[PDB]
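By written order: A, B, C, D, E and F. Residues from 1 in each chain.
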Amino acid sequence: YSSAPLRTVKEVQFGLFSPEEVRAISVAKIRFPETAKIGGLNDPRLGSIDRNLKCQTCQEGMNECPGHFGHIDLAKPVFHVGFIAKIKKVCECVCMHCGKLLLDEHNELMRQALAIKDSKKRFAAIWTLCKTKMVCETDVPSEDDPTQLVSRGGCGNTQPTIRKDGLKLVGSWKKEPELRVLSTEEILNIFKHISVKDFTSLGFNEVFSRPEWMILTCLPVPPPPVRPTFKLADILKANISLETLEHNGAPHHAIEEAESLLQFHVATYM
Amino acid sequence: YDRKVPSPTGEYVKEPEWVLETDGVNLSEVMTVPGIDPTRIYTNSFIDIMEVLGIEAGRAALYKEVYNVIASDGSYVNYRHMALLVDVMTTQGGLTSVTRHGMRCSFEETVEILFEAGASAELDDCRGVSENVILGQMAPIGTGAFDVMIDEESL
Amino acid sequence: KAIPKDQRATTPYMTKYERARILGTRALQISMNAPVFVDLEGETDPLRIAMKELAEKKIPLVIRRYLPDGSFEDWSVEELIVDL
Amino acid sequence: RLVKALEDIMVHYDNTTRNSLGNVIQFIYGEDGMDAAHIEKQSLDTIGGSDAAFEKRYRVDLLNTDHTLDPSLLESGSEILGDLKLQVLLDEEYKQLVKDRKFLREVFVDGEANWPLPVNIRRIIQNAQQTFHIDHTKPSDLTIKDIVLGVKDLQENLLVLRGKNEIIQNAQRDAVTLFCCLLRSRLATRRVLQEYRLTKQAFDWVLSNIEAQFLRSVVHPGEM
Amino acid sequence: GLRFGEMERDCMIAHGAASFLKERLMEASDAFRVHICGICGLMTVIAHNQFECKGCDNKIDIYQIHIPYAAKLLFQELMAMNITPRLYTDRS
Amino acid sequence: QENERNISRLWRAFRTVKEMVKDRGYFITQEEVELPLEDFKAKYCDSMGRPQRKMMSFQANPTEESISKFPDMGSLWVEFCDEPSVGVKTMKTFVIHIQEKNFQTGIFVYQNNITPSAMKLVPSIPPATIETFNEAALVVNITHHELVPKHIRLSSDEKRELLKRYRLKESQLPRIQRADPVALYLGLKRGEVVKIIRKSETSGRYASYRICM
């Protein structure tokens, strides 16, 4: 018997888990790939294999015990599998150096796009106009004259064309040309710099879905009820050998292989 | 055509009139030719009507069309039913397609729709039958559009 | 988000859905040996009993009607007029 | 496809139809608040015939010995010839009829007179003529005031919306506009006395039955 | 065949028979009883008497909902993929 | 020729504009609207017949029930140029005239075109809005058509009361596009609500509402 008021669900608010909240709600920091004992970490206190007992955590169940969440701290950030296409599209709108939207209220047809009510219809339209923008323009025509220019904030720098190369995103700059994979850490910073206004324009929500959360820095680990496998074990093993490589300051290519090994696992998870 | 029109003494009387029926449409330009009555001009292309006369005209024409299709085979359907359809298709200010195409909630259930739900910060109001089934609850339709609770002042 | 007994603008009539759900809710309780509130002059069927109770205005339930914007009006079954 | 587009539309306790986001689709269901299962083809009389026909049918002119009410149609029929104060009431009623006829002629531009409406006044009346064994060969004991005031009051009671503000009150006036045309055309004084021959008792029962059938015809919140 | 598919669902909606709709379309999956935070709205509640979120930092704004076990699973599956399915007993 | 089928098209358009301006709440007299082809043929005559537009132009003042309800608003300059295609130069003389009169609306009625390059002098002097019309889509008054019900612009007061009593958020009203022929005719701005009063086969009179998107 439970003390709590009984209710029905009236609303469901969808959103992305922030890294801070995943940390906020976990019952255990998790990071060694082993299940004697017990029960590294993992699986604490997550918990209750079967029966008795009785957590921790908590105090029932099994069968009463909900199951609880742990977290793994990812040595580097990684793309969320599901959002690469979005992540790419956002990059195609935001200036890739300074974070500013590539077109704004000064542009003829961007005003028409911004007015759109349904936030998927609007994102479509904004992306359509900006994937063309090949510069983060410092100054613009306005009305008026031209002659008279009008200034914005950013910045000058050229934009890349972005290609999907499996799980990596590839850049292409000029106006022969300069190729460069765009690293996760780099996009994570761009996204963090996009304004509340600019990312709302873009269909994100400042409370429930900031675009940076599309980039994972902190995996939620599901409890035994969710996995009554061991993919996490491999995600962990990749995560380990990536930390034990920075700790050894080993060459750029070595860090990168182990980074995309981790990417590979958080991705196929998932 | 025959036209039912009141007479100087009051009763409806048939006044026949010459009408022109065309193949092809240019509403804006024809509407404007001298000798016609532009207050009565009509076309079966409710799209052109909405573009020249506006949605409210667009709406009424859309009604006349759906109506004719049903009437064409002798059958009769109460006004409100087609009125409702026509309002749904018209309510956002343009002509929204119906059949096209086109929560939560839940048949495929393309994880990809939940991903966008997540990134969009989409808020499910939970009025459908289906999200209420997943949640094991009565849907707020008909018999469940209200709560019931114990009275605590009846003798 | 609660609107006083004196400013109710909703119908003073019980709806056909209200009646169905009330009759069904009482029926269930009668069907489970819950005390009854009228002379069953022969009646043994929970729904028929439930109907006798409604008729004679002795169902102590309240209907909470929700307005689209979340506010709500409360009407006792005792209060509502039953003509359908 | 049709089901999918409409599936979430529902009538709410404020008489509006809305979709699941709660967006208004019709401010009142069917533009009249009614359930289609309580609605039936009825004739809007007011609308057809010549003007001569209309005047002969509706006009009561107590101040004219030829277009007054025959003393035989009415107990107060001879106390009433010349009655100025009562003619003022009868001129409100005629003007309201004239207005209605004009108005209906706008809405149904081709003069079609049979339109689905709630409450079958004709039948309520044939019931009354039967229940009360209406002696067609005697004066009624209805006064002019009984009818004119009676009918005005009944309209105040055909409720579809209940809110006490200027806006809902107008919406309500709009909702029963067509029905009230029907009503005033069926319960025109002359028509009541000469054609139907109702007694004060029968008439009082016609009114309250129209009210009851009317409220019984309103759509019920929760209808999908 | 014997079936209750989309089109029968629609008739019962047209009748507004919502209890029947609930009963036919549900399951023996029986009410798993979970606790939800009133501020966030996740099944993050550590429920002796007995309960706090963390948080949120919440101790006095908690509810209790019954949901099909599959639901609870699908919501955790959703959480494990960094999506938050927040459950509210409210309307915005 | 038959530049007299042209005086006609021009005279009918002048008529529409006068009606439009009238239905917006400005003081035009019905006698004005009803200006005979022949009086028009004279008051704006040049001989050999011809136009001429610049003379047509005219100022326009709100009424007293107008500023009863929309007290704010202002006055209006309607202009008929005069040359088939309107470049950047001939737009600025208009754009400046409006300005230096604190006219809160200018309606520019043009014959064939303005350049996509002069259309950018438009949203250019706030709050005063500038609107354009092809004479072509002015030759007939759309609002006079059978299927066009009566749209009444609501005050922001009537709007407040509407939203309050149906207890609605703005986003729940039915919508009307800023460029809907009827919004264009009444000059609707984003956020304004129209009351639409239509005759109805079920209830005789039904009023719905659209908010301008």
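Just so we're on the same page, contacts are C-beta pairs under 8 Å (C-beta built on N, C-alpha and C of every residue); 3 or more make two chains touch, one makes a residue touch a chain.
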Chain nearest the overall Cα centroid: B
Pair of chains with maximal C-beta contact number: A-E
Where subunit B and subunit C are represented by their mean Cα positions, the distance between them in whole Å: 36
Gap in Å, rounded to a whole number, between the CA centres of subunit F and subunit C: 56
Centroid distance [mean C-alpha coordinates] between subunit C and subunit A, Å: 52
Distance between chain centroids, defined by C-alpha means - subunit A, subunit B (Å): 41
Touching two or more other chains - residues of subunit D: 7, 12, 14, 16, 18, 21-23, 25-26, 30-31, 116, 163, 168, 221-224
Sequence positions of subunit E contacting 2 or more other chains: 13, 16, 19, 66-67, 81-84, 91-92
Interface hub residues of subunit F, defined as touching at least two other chains: 167-168, 171, 174, 201-202, 213
Full enumeration of touching chain pairs: A-B, A-E, A-F, B-C, B-D, B-E, B-F, C-D, C-E, C-F, D-E, D-F
Touching residues (chain side subunit F, partner subunit A) in the complex: 120-121, 123-124, 171, 213
Contact set on subunit D toward subunit F in their complex: 14, 16, 18, 21-28, 30-34, 103-104, 106-108, 115-116, 163, 165-168, 170-171, 174-179, 181
Residue ranges of subunit B in contact with subunit C within the complex: 140, 142-154
Contact footprint of subunit F on subunit C as seen in their complex: 67-69, 71
Subunit B-facing residues of subunit C, complex: 17-18, 20-22, 25, 60-66, 76-78
